[PDB]
Amino acid sequence: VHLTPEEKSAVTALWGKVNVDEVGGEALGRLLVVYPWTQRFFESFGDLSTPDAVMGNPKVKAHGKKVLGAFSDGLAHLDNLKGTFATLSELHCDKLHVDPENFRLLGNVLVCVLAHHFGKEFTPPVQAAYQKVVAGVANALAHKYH
Amino acid sequence: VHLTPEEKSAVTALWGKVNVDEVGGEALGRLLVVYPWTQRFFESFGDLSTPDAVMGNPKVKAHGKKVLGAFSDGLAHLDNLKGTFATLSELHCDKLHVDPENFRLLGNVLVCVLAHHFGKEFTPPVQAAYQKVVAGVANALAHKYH
Amino acid sequence: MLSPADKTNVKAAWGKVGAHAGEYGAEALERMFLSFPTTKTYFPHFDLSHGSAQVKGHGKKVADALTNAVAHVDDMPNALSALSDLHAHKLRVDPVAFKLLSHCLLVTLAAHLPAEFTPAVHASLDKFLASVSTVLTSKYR
Amino acid sequence: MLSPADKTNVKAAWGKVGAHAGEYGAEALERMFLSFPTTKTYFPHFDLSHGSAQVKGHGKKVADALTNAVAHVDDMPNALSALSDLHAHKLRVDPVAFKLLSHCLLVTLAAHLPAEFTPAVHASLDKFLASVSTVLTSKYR
Ligand code: HEM
Ligand code: HEM
Ligand code: HEM
Ligand code: HEM
């Protein structure tokens with residue numbers, strides 16, 4: 001999306017240091033604990049009664065990796081989030097019945113997790129470039145809903 | 001604004017029956033009464049303590065006609081809302097300091113007002129087309145914010 | 001927080017709906033589904049075509065609950081407790097969706113009450129629907 | 001509503017905030033202004049550049065009202081009555097903007113309190129900021 005070059009490169013460089021497995025595991029898990037109603041799509045993951053259980057759930061952890069995996073491949077197509085995520089958008093609407101407001105919740109969780117992990121390095125200007133990316137990603141994922 | 005030509009004709013057709021001066025005053029008045037925090041922008045308009053004070057206020061009425069006259073002109077340019085509203089966008093941001101969430105609140109109130117005026121004529125699909133229009137107009141008015 | 005005046009305006013407006021509640025509930029639902037298609041993700045098991053019977057049936061159920069809240073406007077958290085458990089623990093609808101339905105019920109009411117949908121009343125009904133939404137969402141976490 | 005676990009979680013995290021509260025308040029504002037530029041519409045009278053004194057000063061005021069809320073966590077409406085009056089009748093800030101500041105505060109805490117910002121504490125802080133926000137918008141209409 002409307003991303004400044006100095007912005008574009010702030011994102012990219014930061015992402016190069018991200019452990020996608022850990023981070024995805026943590027974003028998704030935080031999502032299920034901070035906003036419990038999102039657990040409605042995960043009944044078959046198992047016990048999700050307590051934060052600990054949610055955070056130790058291998059299917060959560062594994063699903064977290066998949067999601068962020070797909071997100072990660074997206075930061076390489078910033079000039080075209082819509083095309084990259086179109087099939088995903090359809091599947092989310094037509095097979096999975098996921099309200100896109102959930103994509104926004106995850107993005108905000110994602111931004112808290114990046115801050116948790118990188119501390120001082122996650123500066124306000126670096127946070128701004130990520131907020132653009134995350135909203136851009138959410139909007140791409142909601143694009144094919146009818 | 002992605003609008004179907006059947007949507008576009010539904011919208012333009014209804015709009016042809018609108019008395020903009022009156023609907024404009026009603027929409028603005030109801031905005032100020034239903035969402036009283038929005039009065040913050042209108043201290044110079046005098047008395048706004050009761051609904052009749054607001055609805056009959058000659059300044060609210062004049063200002064309403066002016067808002068809607070400009071919304072109208074925008075309905076003749078659905079393919080270039082951004083362009084049409086560029087200067088007004090700048091003006092609302094740098095001189096008036098109006099938070100864009102106000103354009104969306106006003107949008108929703110306009111839709112109930114049209115609903116009030118046209119009754120059954122305001123069909124579910126006709127409403128759906130107006131919802132896209134007010135959203136697009138609100139995004140065009142926010143687009144030069146920085 | 002509803003005021004005496006709000007409570008009066010709401011009872012007066014809902015009194016006029018009367019035995020129209022269900023009808024207007026279905027209509028509200030149909031407006032929402034067309035205006036805000038993402039809300040369809042909550043009823044994947046329904047048939048959402050115009051005049052659909054599951055939509056009518058659900059519309060009546062929604063309108064009955066609103067009718068009950070009006071009948072119990074000074075005790076809404078308790079009158080709506082069961083419904084509130086259901087939404088928080090089973091249906092888990094995202095909170096923003098309540099705002100969408102609320103707008104649509106308001107549109108539906110406006111289209112049917114040309115005489116009673118005054119600014120004062122519109123205001124009161126908007127606060128009323130936000131209080132109902134707050135109650136139904138109060139046990140989410 | 002905040003549970004006992006929540007109050008405790010909140011008091012503990014804000015416990016380690018200690019004397020950086022003012023610095024974190026300021027940081028959160030700066031984060032909000034940059035990420036959500038529309039929020040600048042509420043501070044046309046301020047110099048909003050990096051490290052300006054109006055932001056700092058303001059940051060300390062906000063942080064201090066949060067200190068006061070946590071300490072009166074059992075009695076917020078009363079503890080924040082005056083601030084509630086102030087926002088509803090004078091500042092008249094749009095309710096949606098409270099969500100933005102809250103998110104920026106949360107990011108600010110996650111950035112400065114790594115060991116403390118566990119998934120449970122994150123949940124509680126979010127509920128708390130929401131409760132505060134509700135209280136600050138409870139008299140709007
Ligand atoms: C950052 C935005 C997101 C991205 C990029 C993403 C990506 C993906 C991908 C790649 C899959 C695998 C589909 C396949 O089998 O090929 C998937 C599945 C799924 N996603 Fe998303 N996802 C996102 C957010 C969400 C969130 C917010 C929710 C709900 C809380 C959600 C719910 C699901 C569900 C329920 C599945 C199917 C899981 C299963 O097979 O059991 N997703 N997602
Ligand atoms: C459809 C959305 C809107 C449109 C098309 C619109 C259009 C206009 C126009 C044409 C003007 C006159 C410009 C000038 O004086 O040079 C104006 C001024 C103004 N607008 Fe907007 N307006 C919109 C919404 C709003 C709303 C929602 C608010 C606040 C709730 C607002 C606040 C103002 C204020 C305070 C003025 C200046 C009043 C004065 O002259 O003292 N506007 N707008
Ligand atoms: C004005 C606010 C609302 C009220 C008063 C309300 C009331 C009700 C009632 C009475 C039921 C029936 C439960 C039973 O079987 O006894 C129900 C179920 C349901 N509601 Fe809510 N509702 C509201 C808003 C929402 C909205 C916003 C959503 C999502 C957009 C929603 C989604 C659902 C779903 C999916 C069911 C189950 C449908 C079925 O499978 O039969 N409701 N609601
Ligand atoms: C976490 C919720 C918030 C709390 C606790 C809070 C607290 C405060 C406090 C303590 C003051 C100072 C009052 C005084 O000087 O006596 C204040 C003023 C103010 N706040 Fe709120 N605030 C919150 C959110 C917001 C929101 C989100 C905004 C707008 C985006 C906002 C805009 C303002 C403005 C413009 C002032 C006046 C500043 C000045 O003119 O010096 N506040 N707030």
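In what follows, every heavy atom counts, from backbone to side chain, and hydrogens, waters and symmetry copies are set aside. Proteins come first, then strands; the chains are lettered A, B, ... in the order of their sequence lines, and each starts at number 1.
C:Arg92 pairs with exactly one of A:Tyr35, A:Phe41, A:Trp37 by the side-chain contact (heavy atoms from CB on, under 4.5 Å) rule, that one being A:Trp37.
When heavy atoms are compared at a cutoff of 4.5 Å, A:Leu96 does not approach chain C at all.
Taking non-hydrogen atoms and a 4.5 Å limit, the residue list of residues 59-94 of chain A in contact with chain C is empty. Within residues 9-23 of chain A, no residue approaches chain C closer than 4.5 Å by heavy atoms.
Counted within 6.0 Å of NZ on C:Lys40, heavy atoms from surrounding residues, nucleotides or ligands total more than 12; the atom is thus considered enclosed. Other residues, nucleotides and ligands place no more than 12 heavy atoms under 6.0 Å from the NE2 atom of C:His50.
A donor-acceptor pair is defined here as one N or O able to donate and one able to accept, closer than 3.5 Å; such a pair exists between the side chain of A:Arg40 and the backbone of C:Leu91.
For the residue pair C:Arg141 and A:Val34, the shortest heavy atom distance occurs at NH1-O, 2.7 Å.
When each of A:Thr38, A:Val98, A:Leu105, A:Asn102 is scored by its heavy-atom pairs under 4.5 Å with chain C, the top score falls to A:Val98.
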